[PDB]
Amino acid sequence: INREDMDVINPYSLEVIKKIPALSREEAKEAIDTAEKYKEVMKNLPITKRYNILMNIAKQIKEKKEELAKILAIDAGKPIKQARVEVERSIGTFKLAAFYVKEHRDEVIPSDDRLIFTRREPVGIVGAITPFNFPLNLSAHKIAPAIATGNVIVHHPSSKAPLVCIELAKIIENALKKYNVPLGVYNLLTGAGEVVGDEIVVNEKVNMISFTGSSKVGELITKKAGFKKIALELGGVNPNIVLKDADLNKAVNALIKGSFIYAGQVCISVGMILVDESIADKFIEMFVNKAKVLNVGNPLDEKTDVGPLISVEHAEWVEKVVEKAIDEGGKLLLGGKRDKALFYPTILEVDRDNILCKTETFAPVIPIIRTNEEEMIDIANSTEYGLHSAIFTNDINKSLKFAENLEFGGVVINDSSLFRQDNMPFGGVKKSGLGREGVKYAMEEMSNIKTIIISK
């Protein structure tokens, strides 16, 4: 059904881009029932066919790279340079799934009178729910491994930037036609998250939820999901630590990127910077000065470093948080300033009890805490989250100690928390999530082991 129910916004011009369908809970149910009927076909789809489909998707994404990046610029406000990077990553993500279909290993276990070996089989229907920020690559990170493991897919992309997922869905439709697979094996269900996304969570016919998005929606999902496999990638306030012996020049450059890439709207964005008291002044000055020269505006402009936040309503919320932060004694050093949703790089020096140390802002808003080395781990671990952390030092013993004691799914050394190599296992501890993504790792999540025992 192609109706026109819901407004899609250009976050920069605030103009309506187009209208798209918004499914009702009842239509979401129907879509799931239909998807269930195709389980047997996906389960039995030969390896070669899975490989071919995945390769073809990567091929289409490549051929439409520039179109897709423009779409990311317009719909998600993603600076075109960063947008081309997201697209190239989606290419690699589908490509890597194709090869894991061919290369995935099972095991044989020794036995005196038995041949015991394992087999991986699909969990069945994979319910994928993706966010606005990297909607192409994050969708690739769910779709590619779901297809690689013989799963049927119902997918709800973020209403905040659904257009690239719509183009990917058509790309997927295209590859399925090419290799004679009914189109019902993948299903893009657009609409209101608390309706269409929620139906996916609750519906007893979905076998696994793979969710990337807000902490609050994540935590709800654990309570509503029921008897399903659950994978969650939520946010964090990602602490990046700069010890006195850090290469300051490189630490600043790395932290400018980790702070302000996609206007700080990344689950692994710099959330707080903890800097040794003895170098704090020199760091703050260099950091502030490099952030001063960032070009802030139209994501379609090649020269643009930082574009708008996803909506006016979030920008307005961030403005409040920044106000609350100054009230608690935060010292504003840059920005704290917005035109509509275009939020300027904002830097504050705060203490450890600040609101910004407990709040993921999804914004180019960076709190710097000057501290002694002995307090750093305490402060770093003091949140409810545990996604990514980073440390800048040249000291072996200190780096080993911090790396072991930081309670996070990822610890980055001499680069910001923002780092993610796509083929690495990735995810959080504590309230930051459940399970690991990265194609090989997601494949293991999106399948069940069958143990086969042959008695001799």
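So that there is no doubt, residue numbering starts at 1 and follows the sequence shown.
Undergrad: In the PDB record, does 216-224 or 342-350 carry the higher mean Cα temperature factor?
TA: Result: 216-224.
Undergrad: Mean CA B-factor: is it higher for 83-91 or for 296-304?
TA: Between 296-304 and 83-91, it is 296-304 that shows the higher mean C-alpha B-factor.
Undergrad: Go through 368, 109, 146, 183 one by one and give the residue whose Cα B-factor in the PDB entry is largest.
TA: Within the set 368, 109, 146, 183, 183 shows the top C-alpha B-factor.
Undergrad: Could you check 430, 401, 388, 37 and tell me which one carries the biggest Cα B-factor in the deposited entry?
TA: Result of the comparison over 430, 401, 388, 37: 37.
Undergrad: Determine, from the deposited record, the chain-internal third of the Cα B-factor for residue 118: lowest, middle or highest.
TA: Tercile = lowest for this residue's CA B-factor.
Undergrad: Place residue 41 in the lowest, middle or highest third of its chain's C-alpha B-factors, as listed in the PDB entry.
TA: It falls in the top third of the chain.
Undergrad: Based on the entry's values, in what third of the chain does the Cα temperature factor of residue 328 lie: lowest, middle or highest?
TA: According to the entry, residue 328 has a C-alpha B-factor in the chain's highest third.
Undergrad: If you rank every modelled residue in this chain by C-alpha B factor, which third holds residue 277: lowest, middle or highest?
TA: Middle third of the chain for residue 277's C-alpha B-factor.
Undergrad: For residue 337, return the chain-relative third of its C-alpha B-factor as stated in the PDB record: lowest, middle or highest.
TA: Ranked within chain, residue 337 CA B lands in the highest tercile.
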